[PDB]
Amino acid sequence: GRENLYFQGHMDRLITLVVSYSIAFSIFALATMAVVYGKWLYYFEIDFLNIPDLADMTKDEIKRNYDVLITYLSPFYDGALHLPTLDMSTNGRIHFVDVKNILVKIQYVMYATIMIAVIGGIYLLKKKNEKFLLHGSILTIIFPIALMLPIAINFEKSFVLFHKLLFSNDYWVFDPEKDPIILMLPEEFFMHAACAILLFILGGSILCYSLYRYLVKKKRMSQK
């Protein structure tokens, strides 16, 4: 009676897979947005990395320019980028537009994946299937560990290839005399920022496994 069973139960396995990656991407996307728009890390870094001596600016000047930049990167802001006290080139202006376009598009996919995760997740949970949580947690821990290595071994070369991968021009190659903002965006900050994203993704993996372990515990205790 098993002979007709090779062709069976394909649909729900697909939904779990789609939901698994949507949760994965959603966590990655939320982690990125948390770091890009959260000013606590950079505010800490101004003093810790001594950015005032790197940039030859005061602590409030650095915050003023950084605030204007982060506001510009918001999807709800439609004006152009105009730094309060720093010079900027045409190509530099074009680079920050590219950055904003990346952030907007990631947010758009993120909205789709969050709704696939929620709707697909309610469907599977109402089937008493909490497996998308396990698979989702697996993807969220493999991804940061896999990228930990290029950050640790050679962060600087990873930075250049990351840029060569995401951007289609060389405008990301800032000249401090034409785009002085680069002085107050030191590479060590980007490394802390990159490490911050992975930690949030890692934290997301913990939260998913923990909810998976809770639901499994409920069914086995439901037996008892």
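Throughout, we count residues from 1 along the sequence that is shown.
> Mean CA B-factor: is it higher for 172 to 180 or for 49 to 57?
Stretch with the greater average CA B-factor: 172 to 180.
> I need to verify one thing: averaged over C-alpha atoms only, is the B-factor higher for 37 to 45 or for 153 to 161?
Averaging CA B-factors over each stretch, the winner is 153 to 161.
> Would you mind checking which of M148, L103, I94, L83 has the top Cα temperature factor in the PDB entry?
It is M148.
> Checking the entry, which one of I15, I23, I201, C208 has the top C-alpha B factor?
Reading the PDB entry, the winner on C-alpha B-factor is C208.
> Lowest, middle or highest third: which one holds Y123 when the chain's residues are ordered by CA B-factor from the entry?
Middle third, going by the recorded CA B-factors of the chain.
> Within this chain's modelled residues, let me know which third the CA B factor of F143 belongs to: lowest, middle or highest.
Within its chain, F143 is a highest-third residue by C-alpha B-factor, going by the deposited values.
> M191: which third of its chain by C-alpha temperature factor?
Answer is middle: the recorded C-alpha B-factor places it there.
> Consider only the C-alpha atoms of the modelled residues in this chain, order them by B-factor as the entry records it, and name the third containing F76: lowest, middle or highest.
For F76, whose C-alpha B-factor we compare with every modelled residue in the chain, the answer is the middle third.
> What third of its chain's C-alpha B-factors does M115 belong to: lowest, middle or highest?
Highest third - that is where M115 ends up once the chain's C-alpha B-factors are sorted.
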